[PDB]
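Below: the structure, in structure tokens.
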2 protein chains.
Amino acid sequence: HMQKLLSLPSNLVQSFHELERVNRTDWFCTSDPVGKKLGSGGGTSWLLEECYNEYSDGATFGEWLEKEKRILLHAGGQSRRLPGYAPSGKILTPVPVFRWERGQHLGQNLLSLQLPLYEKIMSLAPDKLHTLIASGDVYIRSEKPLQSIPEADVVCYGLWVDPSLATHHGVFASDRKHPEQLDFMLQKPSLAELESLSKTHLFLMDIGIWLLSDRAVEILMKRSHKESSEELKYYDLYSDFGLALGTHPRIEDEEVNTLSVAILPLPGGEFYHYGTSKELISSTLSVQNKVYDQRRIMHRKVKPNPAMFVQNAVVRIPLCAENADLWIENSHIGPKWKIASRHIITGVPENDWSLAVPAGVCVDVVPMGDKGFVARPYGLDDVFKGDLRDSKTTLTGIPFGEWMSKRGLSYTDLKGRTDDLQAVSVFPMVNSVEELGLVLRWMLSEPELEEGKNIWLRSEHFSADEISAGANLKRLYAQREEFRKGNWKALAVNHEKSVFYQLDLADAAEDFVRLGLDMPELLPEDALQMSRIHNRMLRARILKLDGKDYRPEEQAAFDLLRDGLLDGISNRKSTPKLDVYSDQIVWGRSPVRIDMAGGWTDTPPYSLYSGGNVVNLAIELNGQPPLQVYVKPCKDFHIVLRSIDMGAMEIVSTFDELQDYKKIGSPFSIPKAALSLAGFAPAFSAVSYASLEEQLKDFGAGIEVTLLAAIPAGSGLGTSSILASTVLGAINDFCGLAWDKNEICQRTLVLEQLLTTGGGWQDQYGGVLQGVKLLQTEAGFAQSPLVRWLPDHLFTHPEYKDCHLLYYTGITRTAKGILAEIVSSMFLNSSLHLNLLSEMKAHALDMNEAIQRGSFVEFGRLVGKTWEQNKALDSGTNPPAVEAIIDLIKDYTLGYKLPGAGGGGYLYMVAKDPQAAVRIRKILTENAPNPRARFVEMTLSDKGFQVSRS
Amino acid sequence: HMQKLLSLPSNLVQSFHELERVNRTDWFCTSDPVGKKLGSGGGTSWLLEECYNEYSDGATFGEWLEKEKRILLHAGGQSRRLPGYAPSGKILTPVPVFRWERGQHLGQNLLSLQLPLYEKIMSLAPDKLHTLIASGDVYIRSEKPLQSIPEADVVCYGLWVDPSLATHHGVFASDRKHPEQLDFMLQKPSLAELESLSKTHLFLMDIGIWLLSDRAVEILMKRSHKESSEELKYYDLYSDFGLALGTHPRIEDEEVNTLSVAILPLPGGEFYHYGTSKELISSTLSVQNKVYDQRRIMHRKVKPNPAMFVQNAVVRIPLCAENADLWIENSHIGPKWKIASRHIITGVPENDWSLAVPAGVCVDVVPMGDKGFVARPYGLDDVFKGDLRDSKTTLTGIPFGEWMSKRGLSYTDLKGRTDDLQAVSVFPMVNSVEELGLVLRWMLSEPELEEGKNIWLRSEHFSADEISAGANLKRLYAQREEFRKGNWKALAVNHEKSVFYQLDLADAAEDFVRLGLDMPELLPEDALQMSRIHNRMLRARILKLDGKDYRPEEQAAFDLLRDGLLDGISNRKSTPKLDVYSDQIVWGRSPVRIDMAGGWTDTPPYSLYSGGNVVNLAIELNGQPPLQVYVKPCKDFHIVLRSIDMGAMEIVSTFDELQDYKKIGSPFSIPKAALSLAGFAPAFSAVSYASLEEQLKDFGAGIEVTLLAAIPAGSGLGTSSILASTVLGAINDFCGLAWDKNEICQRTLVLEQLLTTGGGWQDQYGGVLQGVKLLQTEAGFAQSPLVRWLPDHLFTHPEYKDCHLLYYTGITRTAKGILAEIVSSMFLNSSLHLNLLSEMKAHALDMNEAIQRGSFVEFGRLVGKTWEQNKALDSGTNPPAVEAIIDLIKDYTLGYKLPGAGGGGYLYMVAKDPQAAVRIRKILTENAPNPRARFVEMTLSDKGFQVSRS
Ligand SMILES: Nc1nc2c(ncn2[C@@H]2O[C@H](COP(=O)(O)OP(=O)(O)OP(=O)(O)O)[C@@H](O)[C@H]2O)c(=O)[nH]1
Ligand SMILES: Nc1nc2c(ncn2[C@@H]2O[C@H](COP(=O)(O)OP(=O)(O)OP(=O)(O)O)[C@@H](O)[C@H]2O)c(=O)[nH]1
Ligand SMILES: Nc1nc2c(ncn2[C@@H]2O[C@H](COP(=O)(O)OP(=O)(O)OP(=O)(O)O)[C@@H](O)[C@H]2O)c(=O)[nH]1
Ligand SMILES: Nc1nc2c(ncn2[C@@H]2O[C@H](COP(=O)(O)OP(=O)(O)O)[C@@H](O)[C@H]2O)c(=O)[nH]1
């Protein structure tokens with residue numbers, strides 16, 4: 001597991017692992033020494049020092065830093081501009097579920113949303129960069145493939161967004177002749193400053209993702225201490241260390257300038273700050289406004305305003321269009337509340353207050369002590385900095401002097417600090433919800449309230465620093481959890497309009513079992529089919545986690561899926577007519593396929609969620625099409641089915657026998673379903689016939705179908721789907737149905753839905769259509785792949801053709817059918833699975849690009865990456881014997897993978913060059929893992945499915 | 001030229017063609033009959049009836065409606081909420097140049113900005129839709145490719161919008177299970193209705209872009225008249241006709257429901273209101289802040305506030321950050337003015353007034369009569385509706401009763417109507433700028449000024465309706481033109497910070513010549529290179545339009561372009577070494593190319609503006625590579641050059657002779673430049689030599705280069721560039737320079753820059769690289785195409801191969817005039833040319849898609865569309881002889897085009913089928929247009945440039 005190190009507030013360090021439910025093995029956290037601020041760089045150095053002192057197994061710091069890669073997040077500031085989550089350190093702020101996203105956790109926060117990108121970047125990083133540094137108050141997205149990470153001492157990711165937004169952050173400025181290096185950094189530059197440099201420089205806004213080598217770490221830790229030894233000091237990573245980097249740095253440092261700096265634009269990058277109260281709402285609104293298409297929005301709720309976000313809360317007042325810019329979290333809004341706009345309500349316990357909240361002021365309630373509450377009303381624009389007597393120092397939008405004067409208070413009532421509003425003990429700690437409401441009314445729009453002033457005088461006073469230092473986070477998290485327990489039922493009941501069935505339902509089931517909640521009730525038959533499948537699978541998972549019987553629920557979900565996929569599978573009528581002469585035989589034949597990338601993304605229901613991308617190609621094996629079908633007229637008015645590979649024969653005389661797909665011991669389900677779809681079953685026939693015998697008498701003869709699958713099913717080469725398509729095409733030619741290859745593949749999809757195989761669509765398109773292809777579908781039950789052919793240069797040119805090797809290993813899967821687990825995880829919107837499948841889609845697009853550009857090396861590498869993705873999706877795909885075979889020859893390949901679901905069988909290898917291919921052949925021949933392993937010659941098929949007549 | 005029909009205010013109809021300088025053939029305008037409103041549908045029927053009565057020519061209404069597609073715009077309301085441009089009908093409102101856009105006209109208005117999208121949609125529409133309907137008070141953008149337009153009776157464009165905004169417009173509601181249909185429309189639905197329909201329906205905001213068939217037009221016009229007679233009536237297209245459409249319409253209508261409705265979401269659509277005074281500022285601010293890319297923003301100037309827009313105006317006071325929401329147009333702001341924020345100043349003549357404008361109040365001055373001015377002060381929030389005695393009836397932010405009382409006035413001074421503020425004659429018409437200023441001061445923040453009241457009492461009074469009805473728009477446009485004449489000089493001087501050199505400089509040159517302005521002075525050498533080229537070409541165009549000598553200015557612009565393209569002349573040095581045996585000969589050969597789509601988009605400087613997209617392929621002619629080069633060692637230490645096609649020979653003995661590219665009568669400039677780039681000229685040689693003879697003595701021998709261009713020059717098949725690349729590749733093999741094909745093409749670009757050809761990069765990549773390719777570059781001087789190969793199925797498969805016909809027309813022509821005209825238009829940011837080139841890029845992408853999908857019919861159709869685009873870009877591309885050749889066989893083709901710049905030469909035809917190809921051959925053989933015309937057999941080249949040794 002990637003190690004996370006966090007610089008947290010002192011109060012949170014002791015409770016982080018319990019409140020966030022994370023183990024101490026993968027998570028280490030500490031704080032700045034109480035009473036001493038260290039800044040960004042100083043806090044990072046202190047975090048590194050603490051983690052080293054914790055796991056110092058006797059090695060020095062230098063050899064310890066190399067031992068593993070680490071992701072360090074600094075969230076140990078004061079959070080002046082975000083008081084609502086200052087005691088949580090910003091990084092633990094709950095983030096609403098995106099109305100366009102599937103598979104998110106209901107209790108997601110900024111940390112859990114932002115961590116995967118950091119882990120991906122670190123796994124892509126070179127091995128000499130053992131330290132990633134980031135701020136936890138941002139949400140960063142990358143919707144395009146990451147570029148190579150250079151081997152510099154400092155690697156900073158940047159993003160050009162808007163000069164107005166760049167005005168508030170760090171900016172990397174690079175000379176127009178050299179965007180590769182960093183010329184200098186700028187901390188919050190003005191619009192005029194960026195304009196004056198626009199003619200000669202490019203600017204990338206600093207998004208707070210830095211990567212440091214051991215040399216840069218040494219220099220930062222030397223700068224974070226004093227002149228002698230261990231004496232710590234304040235040091236800013238971005239304003240002191242940052243401005244000293246680049247070609248022409250603003251700050252001078254002999255050791256910092258020697259560090260090479262590399263600025264990387266984040267591909268498809270998006271940046272959303274979460275450091276101020278205004279940004280808390282604006283960034284969430286932007287993320288919501290990334291998608292507007294209602295066909296891609298699973299949250300079917302009409303909000304009065306898009307900038308209204310309610311999490312872990314109970315709202316007893318009606319919300320209207322005038323209540324814009326609203327953020328309610330971990331709060332209870334009583335029915336007698338009166339609100340306007342621009343509000344941030346956090347931590348408020350249950351109440352029936354008659355509280356009027358003016359526009360622009362926010363209310364925060366922090367649990368303090370065992371039973372007390374600290375009331376912090378503040379302003380959406382309050383910065384909490386500066387001297388109290390300055391007119392610019394504001395509280396709840398009002399200057400602090402005016403706030404004091406209007407309430408009949410004097411500065412003699414504030415004993416303590418007076419030069420910094422952050423350190424002014426002005427927030428009262430009450431011991432009752434009634435006193436809390438009274439003092440909040442007094443501190444807001446009722447300064448004449450007698451009892452409020454009395455309570456404020458009786459109560460102890462806390463500053464924002466003291467609040468963050470003494471907050472009882474256990475009670476805060478417990479209130480949030482009780483609110484979320486109520487919200488689970490609320491969302492499940494309101495499923496037709498809520499985000500319930502687009503959430504990660506595995507996480508939801510875990511939370512249901514942990515909180516002691518009952519399973520959601522069964523959705524009525526009138527509900528959405530997808531929602532019904534989600535509901536049944538969630539109930540099954542809850543029963544499994546509880547220790548009850550879940551098999552019927554699971555099977556019911558699968559049955560709802562198969563019923564859902566039926567489109568024109570009932571009313572698609574054909575009129576088969578004997579289109580050949582009496583002594584003619586129809587021969588159809590098809591090659592198999594190898595999927596290069598994007599496999600699994602065509603599998604329902606994920607393909608229904610977002611559409612699939614698959615790059616694959618048709619291949620003949622040992623110079624022959626492995627799937628073959630013969631169709632001929634029969635003197636008797638019945639259907640004869642013969643199987644060469646199974647060595648069997650069967651006579652179908654009635655409609656009932658033709659549609660008996662699950663007949664015990666029959667290997668003829670595929671041709672039976674194919675003949676049914678061709679119009680020899682009543683449901684698919686345009687003409688009504690009394691019996692199969694009468695239909696065949698009107699037809700002119702019976703039908704004799706002989707089938708050959710020269711490659712057994714489960715080999716991963718697409719045997720079953722391609723055989724179904726071959727039978728369909730032979731019957732198409734024999735019966736004059738005039739189907740084209742695309743319609744044959746679609747009828748194959750329908751056929752496999754008749755047989756309840758539950759697979760995707762990639763195999764039949766890969767085999768029936770010639771050449772190498774990219775296949776893409778959109779979201780929805782209607783899955784009809786758009787086909788884009790690719791150049792076959794990398795597979796047919798003499799310098800490449802002999803580098804594609806196919807090796808039958810003689811090994812079959814030792815593990816069980818994990819496919820069921822994968823499909824059920826898809827039904828539960830499992831976040832890990834959905835993320836991996838999305839990465840597989842993007843990787844299929846990258847494979848398509850590599851093939852288009854004619855890059856053989858990149859093609860082989862991406863094949864290897866597809867193998868890695870498949871191993872990550874299924875642990876049983878790579879048994880140890882296959883891994884030993886791989887290790888025998890891995891040094892001579894650009895990449896390799898198993899075709900299809902894998903688990904053994906065939907190994908596809910892309911040799912580096914023809915000599916490497918000869919070497920691979922020699923090695924695997926002289927070191928056969930078993931007597932059955934053998935090479936199989938594969939050639940790209942320029943024909944696909946072929947059919948001819950005698 | 002698609003015909004535009006406009007329903008305008010009555011006063012504007014009489015002067016529209018003169019004020020906007022448009023011909024009466026392509027522009028028709030009328031108004032609703034004065035005294036009766038007809039609504040959207042009634043106004044549409046009246047506009048159609050008027051245009052028919054004008055251009056009937058003896059046809060019936062149906063056969064006239066069929067003749068052509070028409071774009072109808074309704075801009076004929078009262079414009080209560082936009083008084084500053086009410087007499088202009090909103091649609092003629094000047095709109096500031098987008099700071100991120102290139103090629104816009106300085107005098108652009110809303111009409112000129114909105115027309116291109118409508119014309120694009122209409123040209124994409126099926127031929128049965130002859131009528132597009134739109135409102136003139138909106139600005140709509142589409143930044144993603146438009147989808148196919150189905151063939152329905154009514155086609156409506158929509159946009160996914162927040163429900164809160166959808167509450168204020170028409171809404172198309174489609175069942176979630178059938179988004180292809182329209183279920184029903186809703187006119188301004190409430191939030192509760194959207195809640196009730198959100199669970200079962202999708203809603204798209206109506207953006208006001210409808211397309212109607214002739215039957216729908218007939219029904220709309222029957223509904224727009226009464227029942228018995230021809231008397232027109234009010235009829236709403238969206239509330240009456242719209243609510244009667246769909247599957248389950250809200251309103252019942254026997255004839256309207258039979259119309260098929262198709263709802264299309266606008267890809268990448270953006271909607272900007274232009275109906276109220278505040279929206280005038282807000283939508284403009286949004287459009288300005290729409291683009292973020294530093295590479296695409298040429299106007300890099302930060303004003304004190306982003307919401308300050310100044311057009312056609314002189315401002316004598318300084319503008320600061322507090323002057324937000326400011327719109328100054330066609331106005332002179334004297335130095336003694338005092339303004340705040342939220343202002344709209346229009347039509348103010350030159351003055352020295354001491355006028356104080358309070359925040360939120362706007363000033364408008366409308367020329368009236370021969371020399372008079374009507375002063376209309378109003379409020380930014382004034383709606384101009386309601387009875388005068390209501391407190392809500394507002395004027396300049398003040399209730400009208402209070403405004404009357406504060407100036408000692410009574411309702412006995414207002415003769416006329418009193419129930420509608422729009423019809424109250426309260427605005428005085430004065431006869432002098434002095435009286436104008438006095439009465440404006442009186443009507444604003446100086447109600448106690450007696451002289452203002454006296455002038456108001458003596459002067460005639462106009463209502464807003466009377467202003468819009470009697471306004472002297474000629475004087476308004478003349479004042480605007482004088483202001484713009486001043487602004488031209490102001491912008492040209494301030495070129496480093498203005499939008500000057502990103503404007504349409506052809507329009508700018510025309511305006512400079514018309515207004516009698518001198519050309520801008522020469523930019524210093526320290527200015528931006530692109531800006532300097534723009535400056536020189538603009539001076540050249542102004543001199544040419546004036547009748548002076550412009551050739552040196554043009555040549556200087558071309559030289560600045562060539563110098564800008566000079567890149568690696570220093571950091572790409574070669575060391576040629578004799579790499580062949582003494583008796584060995586190197587033979588290089590290349591096929592020609594046919595560009596399928598995107599030609600011209602690779603030509604600088606447009607390729608530098610936005611990058612090029614070109615789909616092209618290599619072809620052999622009559623089974624041979626038409627470009628051939630032989631290189632062999634020479635006993636003498638000189639260079640021998642022989643030309644087979646020119647039948648010539650030349651001896652190069654010195655560096656001076658080798659670099660004499662423009663030698664009189666020499667056809668050897670290409671091989672001389674190629675040998676120079678290979679390292680036989682000192683500037684490109686890594687080793688310094690005293691003379692060419694010494695370099696060749698160290699080399700081991702001289703060089704003998706024989707060239708053959710088997711296809712005559714000017715054929716359009718890429719002969720020159722591909723021959724240059726062939727020489728470069730032959731010399732590369734002969735000298736062991738180890739260049740790859742990409743480097744060969746880049747050296748070809750450098751060679752053509754040495755020879756000052758001024759072309760693009762498409763030809764060399766099309767010829768050197770095998771197969772069919774999409775080539776793409778980004779913006780910037782560095783033009784290095786990314787190459788993506790396409791499947792060659794549509795060109796090599798037997799059912800397609802014989803449909804590609806190449807016919808030498810027997811016409812030759814130096815296509816350098818077409819090149820010069822188009823390149824000079826590119827230098828001037830000619831709006832027509834830039835728009836057409838953008839469409840050519842998009843069309844290249846569509847061609848790439850069609851080839852990927854294997855669609856032969858779509859491929860041929862897109863070839864035809866490429867021919868149409870080329871004809872539209874240059875009128876000289878299709879001479880009448882080529883057009884006559886085309887007309888002989890056009891009925892047997894899916895498409896056709898001339899390769900390259902055209903002007904004659906070869907005709908590429910995509911026959912519908914092999915029989916059609918036989919027919920085309922027969923027709924063109926039996927009817928040869930000239931003794932030289934002949935068919936040439938073309939075959940796709942799977943080799944590209946090849947080189948071998950004897
Ligand atoms: N360990 C530690 N980290 C800090 C300290 N100050 C700031 N940081 C971190 O450095 C990053 C950048 O600083 P800021 O965004 O200004 O931190 P902040 O909490 O917003 O500070 P203020 O709002 O000014 O109170 C933040 O993510 C903080 O987590 C500090 O004193 N100690
Ligand atoms: N943590 C978290 N809680 C949420 C989120 N969305 C909603 N909630 C909580 O769940 C409760 C129920 O949500 P819904 O079923 O959508 O109800 P609502 O739309 O918020 O309001 P009503 O239906 O009118 O009661 C809300 O009151 C919120 O407190 C979310 O994205 N994240
Ligand atoms: N031909 C015609 N066009 C109209 C009519 N009414 C409105 N329009 C046009 O349709 C467009 C949309 O209507 P509105 O924006 O509400 O028209 P308007 O002139 O702004 O009306 P007010 O601002 O309320 O005075 C406007 O640009 C008008 O020019 C009409 O009765 N006949
Ligand atoms: N029509 C039109 N006029 C403009 C535009 N931008 C500027 N102008 C006018 O041109 C004059 C020159 O403006 P500019 O060179 O940018 O100077 P600046 O605006 O003071 O910085 C201004 O006084 C404006 O009145 C525009 O986009 N359209």
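Letters A, B, ... mark the chains of the structure tokens in the order given; residue numbers begin at 1 per chain; ligand numbers begin at 1, in order shown.
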Worksheet item: Do you know which residues are within 7 Å of ligand 3 using only C-alpha atoms and all ligand atoms? Can you write them as a list in words?
Response: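 Protein and nucleic-acid residues within 7 Å of ligand 3: residues 7, 8, 31, 32, 37, 38, 39, 40, 43, 44, 74, 75, 76, 77, 78, 79, 80, 81, 82, 89, 90, 135, 136, 137, 275 and 276 of chain B.
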So that I have them on file, write out the residues from the current selection with C-alpha atoms, as a short mmCIF file (atom, residue, chain, number, x, y, z; two decimals), in the first residue's frame.
```
data_model
loop_
_atom_site.label_atom_id
_atom_site.label_comp_id
_atom_site.auth_asym_id
_atom_site.auth_seq_id
_atom_site.Cartn_x
_atom_site.Cartn_y
_atom_site.Cartn_z
CA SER B 7 -38.86 41.61 -39.45
CA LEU B 8 -37.52 44.98 -38.28
CA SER B 31 -42.22 45.13 -40.41
CA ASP B 32 -45.44 44.01 -38.84
CA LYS B 37 -48.69 43.03 -33.37
CA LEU B 38 -48.60 39.60 -34.99
CA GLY B 39 -46.38 37.64 -32.60
CA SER B 40 -43.71 35.18 -33.65
CA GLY B 43 -44.73 37.89 -38.01
CA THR B 44 -43.15 34.88 -39.71
CA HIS B 74 -37.49 38.64 -35.83
CA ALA B 75 -36.03 41.89 -34.44
CA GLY B 76 -39.14 44.05 -34.69
CA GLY B 77 -40.37 44.49 -31.12
CA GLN B 78 -40.59 47.64 -29.04
CA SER B 79 -37.38 46.94 -27.07
CA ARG B 80 -38.81 48.41 -23.87
CA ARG B 81 -35.96 46.97 -21.78
CA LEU B 82 -33.14 47.97 -24.19
CA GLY B 89 -34.03 46.71 -33.16
CA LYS B 90 -31.36 45.20 -30.87
CA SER B 135 -35.04 35.75 -32.75
CA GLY B 136 -32.65 38.66 -33.12
CA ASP B 137 -32.23 39.45 -29.41
CA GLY B 275 -32.94 41.75 -24.44
CA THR B 276 -32.34 44.09 -21.49
#
```
Listing only residues of chain B within 10 Å of chain A, what is the closest atom pair and its distance in Å (to one decimal) for each, using only C-alpha atoms, sorted by chain and residue number ascending, as JSON lines?
```
{"residue": "B:159", "atom": "CA", "partner": "A:293", "partner_atom": "CA", "distance": 8.7}
{"residue": "B:160", "atom": "CA", "partner": "A:292", "partner_atom": "CA", "distance": 5.6}
{"residue": "B:161", "atom": "CA", "partner": "A:292", "partner_atom": "CA", "distance": 6.8}
{"residue": "B:162", "atom": "CA", "partner": "A:306", "partner_atom": "CA", "distance": 7.2}
{"residue": "B:163", "atom": "CA", "partner": "A:302", "partner_atom": "CA", "distance": 6.6}
{"residue": "B:164", "atom": "CA", "partner": "A:305", "partner_atom": "CA", "distance": 6.4}
{"residue": "B:165", "atom": "CA", "partner": "A:305", "partner_atom": "CA", "distance": 9.4}
{"residue": "B:176", "atom": "CA", "partner": "A:295", "partner_atom": "CA", "distance": 8.1}
{"residue": "B:179", "atom": "CA", "partner": "A:295", "partner_atom": "CA", "distance": 9.0}
{"residue": "B:191", "atom": "CA", "partner": "A:304", "partner_atom": "CA", "distance": 7.2}
{"residue": "B:192", "atom": "CA", "partner": "A:302", "partner_atom": "CA", "distance": 8.8}
{"residue": "B:193", "atom": "CA", "partner": "A:302", "partner_atom": "CA", "distance": 9.9}
{"residue": "B:194", "atom": "CA", "partner": "A:302", "partner_atom": "CA", "distance": 6.8}
{"residue": "B:195", "atom": "CA", "partner": "A:302", "partner_atom": "CA", "distance": 5.7}
{"residue": "B:196", "atom": "CA", "partner": "A:302", "partner_atom": "CA", "distance": 9.3}
{"residue": "B:197", "atom": "CA", "partner": "A:302", "partner_atom": "CA", "distance": 9.5}
{"residue": "B:198", "atom": "CA", "partner": "A:300", "partner_atom": "CA", "distance": 6.1}
{"residue": "B:199", "atom": "CA", "partner": "A:300", "partner_atom": "CA", "distance": 6.1}
{"residue": "B:200", "atom": "CA", "partner": "A:300", "partner_atom": "CA", "distance": 9.2}
{"residue": "B:201", "atom": "CA", "partner": "A:294", "partner_atom": "CA", "distance": 9.4}
{"residue": "B:202", "atom": "CA", "partner": "A:294", "partner_atom": "CA", "distance": 6.5}
{"residue": "B:203", "atom": "CA", "partner": "A:294", "partner_atom": "CA", "distance": 8.0}
{"residue": "B:204", "atom": "CA", "partner": "A:294", "partner_atom": "CA", "distance": 8.9}
{"residue": "B:265", "atom": "CA", "partner": "A:293", "partner_atom": "CA", "distance": 9.2}
{"residue": "B:289", "atom": "CA", "partner": "A:162", "partner_atom": "CA", "distance": 9.1}
{"residue": "B:291", "atom": "CA", "partner": "A:162", "partner_atom": "CA", "distance": 8.8}
{"residue": "B:292", "atom": "CA", "partner": "A:162", "partner_atom": "CA", "distance": 5.9}
{"residue": "B:293", "atom": "CA", "partner": "A:160", "partner_atom": "CA", "distance": 7.7}
{"residue": "B:294", "atom": "CA", "partner": "A:202", "partner_atom": "CA", "distance": 7.8}
{"residue": "B:295", "atom": "CA", "partner": "A:202", "partner_atom": "CA", "distance": 9.2}
{"residue": "B:300", "atom": "CA", "partner": "A:195", "partner_atom": "CA", "distance": 6.6}
{"residue": "B:301", "atom": "CA", "partner": "A:195", "partner_atom": "CA", "distance": 7.0}
{"residue": "B:302", "atom": "CA", "partner": "A:191", "partner_atom": "CA", "distance": 6.9}
{"residue": "B:303", "atom": "CA", "partner": "A:192", "partner_atom": "CA", "distance": 9.5}
{"residue": "B:304", "atom": "CA", "partner": "A:191", "partner_atom": "CA", "distance": 9.9}
{"residue": "B:496", "atom": "CA", "partner": "A:199", "partner_atom": "CA", "distance": 9.9}
{"residue": "B:528", "atom": "CA", "partner": "A:199", "partner_atom": "CA", "distance": 8.7}
{"residue": "B:771", "atom": "CA", "partner": "A:791", "partner_atom": "CA", "distance": 9.3}
{"residue": "B:772", "atom": "CA", "partner": "A:791", "partner_atom": "CA", "distance": 9.4}
{"residue": "B:773", "atom": "CA", "partner": "A:852", "partner_atom": "CA", "distance": 9.3}
{"residue": "B:774", "atom": "CA", "partner": "A:852", "partner_atom": "CA", "distance": 9.6}
{"residue": "B:786", "atom": "CA", "partner": "A:853", "partner_atom": "CA", "distance": 8.0}
{"residue": "B:787", "atom": "CA", "partner": "A:853", "partner_atom": "CA", "distance": 6.1}
{"residue": "B:788", "atom": "CA", "partner": "A:853", "partner_atom": "CA", "distance": 4.8}
{"residue": "B:789", "atom": "CA", "partner": "A:852", "partner_atom": "CA", "distance": 5.4}
{"residue": "B:790", "atom": "CA", "partner": "A:791", "partner_atom": "CA", "distance": 5.5}
{"residue": "B:791", "atom": "CA", "partner": "A:791", "partner_atom": "CA", "distance": 4.4}
{"residue": "B:792", "atom": "CA", "partner": "A:791", "partner_atom": "CA", "distance": 7.3}
{"residue": "B:793", "atom": "CA", "partner": "A:789", "partner_atom": "CA", "distance": 8.9}
{"residue": "B:849", "atom": "CA", "partner": "A:788", "partner_atom": "CA", "distance": 8.1}
{"residue": "B:850", "atom": "CA", "partner": "A:788", "partner_atom": "CA", "distance": 9.1}
{"residue": "B:851", "atom": "CA", "partner": "A:789", "partner_atom": "CA", "distance": 8.5}
{"residue": "B:852", "atom": "CA", "partner": "A:788", "partner_atom": "CA", "distance": 4.9}
{"residue": "B:853", "atom": "CA", "partner": "A:788", "partner_atom": "CA", "distance": 4.9}
{"residue": "B:854", "atom": "CA", "partner": "A:789", "partner_atom": "CA", "distance": 7.4}
{"residue": "B:942", "atom": "CA", "partner": "A:793", "partner_atom": "CA", "distance": 9.8}
```
Practice prompt. Pick out each residue of range 619-859 of chain B that DSSP on the backbone tags as strand (DSSP E); I need them as a PyMOL selection string.
Written response: chain B and resi 619-621+627-634+639-643+648-652+702-709+772-776+786-790+804-808
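The gap separating CA of residue 49 in chain B from CA of residue 465 in chain B is 25.7 Å, in Å to one decimal.
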Practice prompt. Name all residues at most 10 Å from range 506-519 of chain A (count only C-alpha atoms; drop same-chain ones fewer than 2 positions away) and give them as a PyMOL selection string.
Written response: chain A and resi 103-107+481-482+484-486+488-489+492+500-501+503-504+521-522+535-546+824-831
Worksheet entry | alpha helix (DSSP H) residues, from DSSP on the backbone, in range 496-611 of chain A, as a VMD selection string | chain A and resid 505 to 515 529 to 546 551 to 565 606 to 610
Worksheet entry | Straight-line distance linking CA of residue 442 in chain B with atom 9 (C, counted along the ligand's line) of ligand 4, stated in Å to one decimal | 29.4 Å
